[PDB]
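**Student:** Input: one structure, supplied below.
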Amino acid sequence: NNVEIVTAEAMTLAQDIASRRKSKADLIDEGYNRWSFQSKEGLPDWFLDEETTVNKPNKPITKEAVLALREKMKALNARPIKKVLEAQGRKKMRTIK
Amino acid sequence: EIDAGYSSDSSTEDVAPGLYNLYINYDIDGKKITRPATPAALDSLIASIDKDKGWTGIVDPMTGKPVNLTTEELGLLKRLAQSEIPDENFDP
Amino acid sequence: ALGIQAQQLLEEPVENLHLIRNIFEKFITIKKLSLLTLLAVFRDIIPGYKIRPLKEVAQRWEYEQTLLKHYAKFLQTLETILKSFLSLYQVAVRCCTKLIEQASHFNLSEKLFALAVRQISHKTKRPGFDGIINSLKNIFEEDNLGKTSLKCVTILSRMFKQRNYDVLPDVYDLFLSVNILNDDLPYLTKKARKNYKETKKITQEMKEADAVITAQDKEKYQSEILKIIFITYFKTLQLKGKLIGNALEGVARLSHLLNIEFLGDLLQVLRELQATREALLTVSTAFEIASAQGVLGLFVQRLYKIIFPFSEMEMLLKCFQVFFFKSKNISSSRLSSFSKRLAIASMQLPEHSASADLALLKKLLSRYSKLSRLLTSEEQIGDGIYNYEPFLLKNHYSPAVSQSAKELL
Amino acid sequence: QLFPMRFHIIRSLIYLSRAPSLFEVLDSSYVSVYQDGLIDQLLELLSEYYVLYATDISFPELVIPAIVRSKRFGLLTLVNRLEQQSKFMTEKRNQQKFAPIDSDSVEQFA
């Protein structure tokens, strides 16, 4: 069992736990809300699919998590020598023309 | 009286790490804390090229090393991010 | 009997499932022949596309399930034969190599790849290793999508972790074989024509989307393959084992495809470190990285200082040629100082190597001629005259040394 | 155990001629009563090789790699003698300012 943090909402949360800005005990207490008690254990797919699309609490989002996600999504070959030189070159020569 | 103490869960506490300059400058009583040596370039490349599970990318002010959430912390984040009860054994 | 059953299976594979069962029941020479017949029958009857797990469709699905069960039984028997381990083992290895070459896209290919990796993971050179390596290289070269290559890379990474990055040097060479990183008419009814036109339009749209999807999938697979290879190479470098040369060669080959920041950080890792040979390899890797088109004093100092402990020749000659090939980076009175140590160290080693080293400066466009005599100040640690060799080089065991010295003079 | 055989072969080669092997033997864990005798034999062979090549104009240049190796590694006396020989060779080379065409002066100095 594992988990892959790919949603920025989770990253804002993960940053808060690690950076100790928001206390862990307070986070646990803040997790007992109207939405956590709407359990999803065993519900049919035709119900869950609309519930996630509609009844999804929109948590706040921080720019720091956005940057961190971009860092995670940055592939090893995202910007190699060619994609940083000729891709810059084609834009430059296009602007010249 | 009330002893003017601090509870273990008070919202105000020392050390406020931020998004990963090194704040290895001083400590209480105005003494310079020794700066931990920078990690080996091979190890730093390994961490940068392979993000650890729950890689927050946040560095504490005392040391330049990053802080990564442990298995239980990843478990709590999973429960919180998926909107379920953050206590495994608590009958709702 | 086996040949007749194989001929019957070839003619009508749909209704010859019992023939396969009879062949399995009939399965040292007889066992080898049965295994060869089973492999040939499986290769001839295996579909060229991946079978999706669950009379026009139902019967075909049932036939596919029966064929999959027969293949699984054959794979289980092959695994037992491989684990039992000589001629039978070699035949099984050849059959496994043929299955990998042919049925790479088919089901249970991960199990076949895992069995091949386990056989190759042995410290000793087991029979069929060359065939397995050749099959893997052919698969890596042919896999444009790279999904099979990514699966093989993950299998190799697991084997390396199990072996603590201690395997044969040829195992690491499989990474360099990844091609991704190395990149009149019949009459038709009136209604039929409308269907044909719609099918053609759908095919064109599907082909265009597939090309875009292939480009994205190839890029994602290449990044994942690079991540696995770099992590394995970094772990091997951390272990500082005997595979450092293979790791350095793989790093140099795949350094161009990495990010700019990673390329810059790799220099620090290289500079952070058979010690002379390792230092020479690190210097060569640094020179290769700097030699990348479109673009190191510590590495230069290390290369200059490593000459004395050395006193490998081809690598040194290639490094000197690359340094000479550098545009205006040499021959500014510094090359002569660097070549002075090389001339001094040239009193030993084979005469052919010494002649090649002398010819490297002889063919140089620089007009300096004092490199073979007193020269300018020797900075960069020094250990020499700051402010002769050919005279002593003439008196040598090899008679051609004197002739070479006279020709140079 | 076979070091004395190598020393005898080195001495025979030196006589026939009239360094890397001697340095390796000297730097060996055995050298770096039998060990002392082998070290003395190696020092004598090194001195004989240095004396044979002392006539060459490039004697300080050739002995420079050996001097650096010896400095990094009786041994003190041999190093001092080698340094003195290199200094004398350098002084002779500095005095011999003749061009390479006039090799007679170098031969006369040799």
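Scheme for the structure tokens: letters A, B, ... for chains in order shown; per-chain residue numbers from 1; ligand numbers from 1 in order shown.
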Write out as a PyMOL selection string the set of residues from chain D that DSSP, computed on the backbone, places in alpha helix (DSSP H).

**Tutor:** chain D and resi 3-17+20-27+34-52+59-72+75-95+103-109

**Student:** Write down, as a PyMOL selection string, each residue of chain D that has any atom within 8 Å of an atom of chain C, counting only C-alpha atoms.

**Tutor:** chain D and resi 20+56-58+61-62+64-65+68

**Student:** Atoms to include: C-alpha atoms. Write the selected residues as a compact mmCIF listing (two decimals), in the first residue's frame.

**Tutor:**
```txt
# COMPACT_ATOMS: atom_id res chain seq x y z
CA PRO D 20 58.98 1.23 -12.04
CA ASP D 56 72.13 11.62 -19.65
CA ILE D 57 71.22 15.29 -19.88
CA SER D 58 67.61 14.45 -18.96
CA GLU D 61 63.79 14.82 -15.73
CA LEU D 62 63.74 11.01 -15.81
CA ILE D 64 61.70 13.38 -11.30
CA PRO D 65 58.81 10.84 -11.31
CA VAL D 68 58.12 12.33 -6.34
```

**Student:** Counting only C-alpha atoms, collect the residues of chain A whose closest atom lies at most 9 Å from chain C, and write them out as a PyMOL selection string.

**Tutor:** chain A and resi 75-82+84-85

**Student:** Sorted by chain and rising residue number, list the residues of chain B at most 10 Å from chain C (counting only C-alpha atoms), each with its closest atom pair and distance in Å to one decimal, as a tab-separated table.

**Tutor:**
```
residue	atom	partner	partner_atom	distance
B:40	CA	C:269	CA	7.9
B:41	CA	C:269	CA	5.1
B:42	CA	C:269	CA	5.3
B:43	CA	C:238	CA	8.3
B:44	CA	C:265	CA	9.2
B:45	CA	C:265	CA	7.3
B:46	CA	C:231	CA	6.7
B:47	CA	C:231	CA	9.6
B:48	CA	C:262	CA	9.0
B:49	CA	C:227	CA	7.1
B:50	CA	C:231	CA	7.3
```

**Student:** Between atom CA of residue C:252 and atom CA of residue C:316, what is the spacing in Å?

**Tutor:** 16.2 Å

**Student:** Can you tell me, as a tab-separated table (two decimals) with C-alpha atoms, in the first residue's frame, what residues are no more than 10 Å from residue D:39 when counting only C-alpha atoms, ignoring any on the same chain fewer than 5 positions away?

**Tutor:**
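Result went into around_2.tsv, see below:
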```tsv
chain	number	residue	atom	x	y	z
D	7	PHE	CA	66.29	-8.32	-7.28
D	22	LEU	CA	62.16	-1.06	-8.23
D	25	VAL	CA	59.30	-3.46	-4.81
D	26	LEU	CA	60.32	-0.60	-2.52
D	27	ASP	CA	56.67	0.42	-2.02
D	28	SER	CA	55.68	-3.20	-1.31
D	30	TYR	CA	57.43	-6.15	2.83
D	31	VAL	CA	59.86	-3.32	2.07
D	32	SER	CA	57.77	-0.21	2.80
D	33	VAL	CA	65.94	-8.84	8.76
D	34	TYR	CA	64.93	-10.20	5.36
D	44	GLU	CA	71.57	-0.46	-4.32
D	45	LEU	CA	69.84	-1.41	-7.58
D	74	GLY	CA	68.20	4.16	3.98
D	75	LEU	CA	65.24	5.54	2.05
```

**Student:** What lies within 8 Å of residue B:64 using only C-alpha atoms, ignoring chain neighbours under 6 positions off, as a VMD selection string?

**Tutor:** chain B and resid 22 36 38

**Student:** List as number ranges by chain the protein and nucleic acid residues near residue B:57, meaning an atom at most 12 Å away when only C-alpha atoms are counted, but skip any in the same chain fewer than 2 places from it.

**Tutor:** A: 11-12, 14-19, 64-72; B: 17-20, 47-48, 51-55, 59-60, 64-69

**Student:** Generate the output file for the selected residues, N, CA and C atoms, as an mmCIF file, in the first residue's frame.

**Tutor:**
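Just written: out.cif:
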```cif
data_model
loop_
_atom_site.group_PDB
_atom_site.id
_atom_site.type_symbol
_atom_site.label_atom_id
_atom_site.label_comp_id
_atom_site.auth_asym_id
_atom_site.auth_seq_id
_atom_site.Cartn_x
_atom_site.Cartn_y
_atom_site.Cartn_z
ATOM 1 N N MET A 11 -1.180 18.298 -1.798
ATOM 2 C CA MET A 11 0.146 18.865 -1.573
ATOM 3 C C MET A 11 0.099 20.035 -0.596
ATOM 4 N N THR A 12 -0.924 20.892 -0.691
ATOM 5 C CA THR A 12 -1.091 21.933 0.322
ATOM 6 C C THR A 12 -1.242 21.316 1.703
ATOM 7 N N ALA A 14 -0.163 18.196 2.572
ATOM 8 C CA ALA A 14 1.094 17.535 2.915
ATOM 9 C C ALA A 14 2.149 18.544 3.344
ATOM 10 N N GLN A 15 2.171 19.717 2.707
ATOM 11 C CA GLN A 15 3.101 20.762 3.119
ATOM 12 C C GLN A 15 2.816 21.226 4.541
ATOM 13 N N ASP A 16 1.537 21.320 4.911
ATOM 14 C CA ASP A 16 1.184 21.817 6.237
ATOM 15 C C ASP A 16 1.614 20.844 7.329
ATOM 16 N N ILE A 17 1.444 19.540 7.092
ATOM 17 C CA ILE A 17 1.860 18.552 8.086
ATOM 18 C C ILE A 17 3.373 18.585 8.273
ATOM 19 N N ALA A 18 4.120 18.624 7.168
ATOM 20 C CA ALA A 18 5.576 18.580 7.260
ATOM 21 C C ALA A 18 6.142 19.885 7.807
ATOM 22 N N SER A 19 5.638 21.021 7.324
ATOM 23 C CA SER A 19 6.181 22.311 7.734
ATOM 24 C C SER A 19 5.761 22.717 9.139
ATOM 25 N N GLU A 64 2.763 27.481 -3.237
ATOM 26 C CA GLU A 64 3.931 26.648 -2.959
ATOM 27 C C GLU A 64 3.690 25.203 -3.375
ATOM 28 N N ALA A 65 2.495 24.678 -3.093
ATOM 29 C CA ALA A 65 2.165 23.327 -3.533
ATOM 30 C C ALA A 65 2.090 23.241 -5.051
ATOM 31 N N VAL A 66 1.634 24.313 -5.703
ATOM 32 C CA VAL A 66 1.593 24.331 -7.162
ATOM 33 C C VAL A 66 3.000 24.204 -7.733
ATOM 34 N N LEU A 67 3.957 24.942 -7.164
ATOM 35 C CA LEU A 67 5.342 24.829 -7.612
ATOM 36 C C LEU A 67 5.893 23.435 -7.352
ATOM 37 N N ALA A 68 5.608 22.880 -6.173
ATOM 38 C CA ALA A 68 6.117 21.558 -5.827
ATOM 39 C C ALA A 68 5.559 20.485 -6.755
ATOM 40 N N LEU A 69 4.273 20.581 -7.104
ATOM 41 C CA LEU A 69 3.704 19.637 -8.062
ATOM 42 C C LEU A 69 4.370 19.760 -9.426
ATOM 43 N N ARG A 70 4.602 20.994 -9.884
ATOM 44 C CA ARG A 70 5.316 21.191 -11.141
ATOM 45 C C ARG A 70 6.705 20.570 -11.081
ATOM 46 N N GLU A 71 7.361 20.660 -9.922
ATOM 47 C CA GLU A 71 8.661 20.022 -9.756
ATOM 48 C C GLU A 71 8.545 18.504 -9.861
ATOM 49 N N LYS A 72 7.517 17.921 -9.237
ATOM 50 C CA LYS A 72 7.298 16.482 -9.359
ATOM 51 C C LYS A 72 6.991 16.087 -10.798
ATOM 52 N N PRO B 17 9.376 25.819 9.562
ATOM 53 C CA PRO B 17 9.995 25.497 8.271
ATOM 54 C C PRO B 17 9.201 26.052 7.098
ATOM 55 N N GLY B 18 9.908 26.379 6.022
ATOM 56 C CA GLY B 18 9.249 26.928 4.849
ATOM 57 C C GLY B 18 9.653 26.236 3.566
ATOM 58 N N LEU B 19 9.113 26.698 2.444
ATOM 59 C CA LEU B 19 9.407 26.065 1.163
ATOM 60 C C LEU B 19 10.898 25.914 0.944
ATOM 61 N N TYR B 20 11.331 24.701 0.617
ATOM 62 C CA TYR B 20 12.741 24.479 0.334
ATOM 63 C C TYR B 20 13.141 25.191 -0.953
ATOM 64 N N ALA B 47 18.404 11.841 -4.460
ATOM 65 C CA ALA B 47 17.152 12.373 -3.932
ATOM 66 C C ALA B 47 16.434 13.231 -4.966
ATOM 67 N N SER B 48 17.181 14.065 -5.692
ATOM 68 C CA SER B 48 16.564 14.929 -6.694
ATOM 69 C C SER B 48 16.059 14.125 -7.886
ATOM 70 N N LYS B 51 12.314 11.100 -6.177
ATOM 71 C CA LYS B 51 11.625 11.662 -5.025
ATOM 72 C C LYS B 51 11.169 10.549 -4.092
ATOM 73 N N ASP B 52 11.467 10.701 -2.805
ATOM 74 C CA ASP B 52 11.035 9.727 -1.819
ATOM 75 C C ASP B 52 9.519 9.787 -1.652
ATOM 76 N N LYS B 53 8.954 8.695 -1.139
ATOM 77 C CA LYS B 53 7.520 8.657 -0.887
ATOM 78 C C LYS B 53 7.138 9.748 0.105
ATOM 79 N N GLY B 54 6.098 10.502 -0.231
ATOM 80 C CA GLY B 54 5.723 11.650 0.574
ATOM 81 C C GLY B 54 6.758 12.752 0.585
ATOM 82 N N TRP B 55 7.358 13.048 -0.566
ATOM 83 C CA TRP B 55 8.359 14.109 -0.659
ATOM 84 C C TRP B 55 7.653 15.454 -0.587
ATOM 85 N N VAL B 59 12.214 22.205 3.987
ATOM 86 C CA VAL B 59 13.434 22.118 4.781
ATOM 87 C C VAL B 59 13.217 22.861 6.092
ATOM 88 N N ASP B 60 13.584 22.221 7.197
ATOM 89 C CA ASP B 60 13.576 22.898 8.481
ATOM 90 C C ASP B 60 14.657 23.980 8.504
ATOM 91 N N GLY B 64 19.764 22.003 6.441
ATOM 92 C CA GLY B 64 19.420 22.123 5.038
ATOM 93 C C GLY B 64 18.777 20.901 4.422
ATOM 94 N N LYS B 65 18.753 19.782 5.141
ATOM 95 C CA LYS B 65 18.147 18.570 4.617
ATOM 96 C C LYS B 65 16.629 18.724 4.529
ATOM 97 N N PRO B 66 16.003 18.119 3.523
ATOM 98 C CA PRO B 66 14.543 18.187 3.414
ATOM 99 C C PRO B 66 13.860 17.336 4.474
ATOM 100 N N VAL B 67 12.590 17.653 4.712
ATOM 101 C CA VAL B 67 11.752 16.930 5.660
ATOM 102 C C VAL B 67 10.712 16.149 4.870
ATOM 103 N N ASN B 68 10.642 14.844 5.116
ATOM 104 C CA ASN B 68 9.720 13.961 4.418
ATOM 105 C C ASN B 68 8.798 13.291 5.425
ATOM 106 N N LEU B 69 7.515 13.223 5.084
ATOM 107 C CA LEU B 69 6.536 12.625 5.979
ATOM 108 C C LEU B 69 6.749 11.120 6.081
#
```

**Student:** Identify which of the residues B:21, B:7, B:71, B:56 lies closest to chain A, counting only C-alpha atoms when measuring atom-to-atom distances.

**Tutor:** B:56

**Student:** Write out as a list in words each polymer residue whose atoms come within 7 Å of stretch 165-172 of chain C, counting only C-alpha atoms; drop sequence neighbours fewer than 4 positions from it.

**Tutor:**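 In the requested format, the answer is residues 121, 123, 160, 161, 236, 243 and 246 of chain C.
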
**Student:** Per residue of chain A within 7 Å of chain B, what are the shortest atom pair and its distance in Å to one decimal, counting only C-alpha atoms, with rows by chain and residue number, as a tab-separated table?

**Tutor:**
```
residue	atom	partner	partner_atom	distance
A:10	CA	B:81	CA	5.6
A:14	CA	B:56	CA	6.4
A:15	CA	B:56	CA	5.7
A:18	CA	B:69	CA	6.2
A:19	CA	B:17	CA	5.0
A:20	CA	B:16	CA	6.6
A:21	CA	B:16	CA	6.2
A:23	CA	B:11	CA	6.3
A:25	CA	B:9	CA	6.7
A:28	CA	B:86	CA	5.9
A:31	CA	B:86	CA	6.1
A:32	CA	B:85	CA	6.4
A:35	CA	B:83	CA	6.5
A:36	CA	B:84	CA	4.4
A:37	CA	B:84	CA	6.9
A:39	CA	B:84	CA	6.8
A:64	CA	B:19	CA	6.9
```

**Student:** List as a count of residues only the protein and nucleic acid residues near residue C:36, meaning an atom at most 12 Å away when only C-alpha atoms are counted, but skip any in the same chain fewer than 2 places from it.

**Tutor:** 30

**Student:** Tell me, in Å to one decimal, how far atom CA of residue D:6 is from atom CA of residue D:47.

**Tutor:**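 Value for the atom CA of residue D:6-atom CA of residue D:47 distance: 16.3 Å.
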
**Student:** Run DSSP on the backbone and tell me which residues of stretch 41-71 of chain B come out as strand (DSSP E); list them as a VMD selection string.

**Tutor:** chain B and resid 55 to 59 66 to 68

**Student:** Would you mind exporting C-alpha atoms of the selected residues as a CSV table (one decimal), in the first residue's frame?

**Tutor:**
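The result, stored in result28.csv:
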```csv
chain,number,residue,atom,x,y,z
B,55,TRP,CA,8.4,14.1,-0.7
B,56,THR,CA,7.1,17.4,0.7
B,57,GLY,CA,10.1,19.4,-0.4
B,58,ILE,CA,10.2,21.4,2.8
B,59,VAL,CA,13.4,22.1,4.8
B,66,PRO,CA,14.5,18.2,3.4
B,67,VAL,CA,11.8,16.9,5.7
B,68,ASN,CA,9.7,14.0,4.4
```
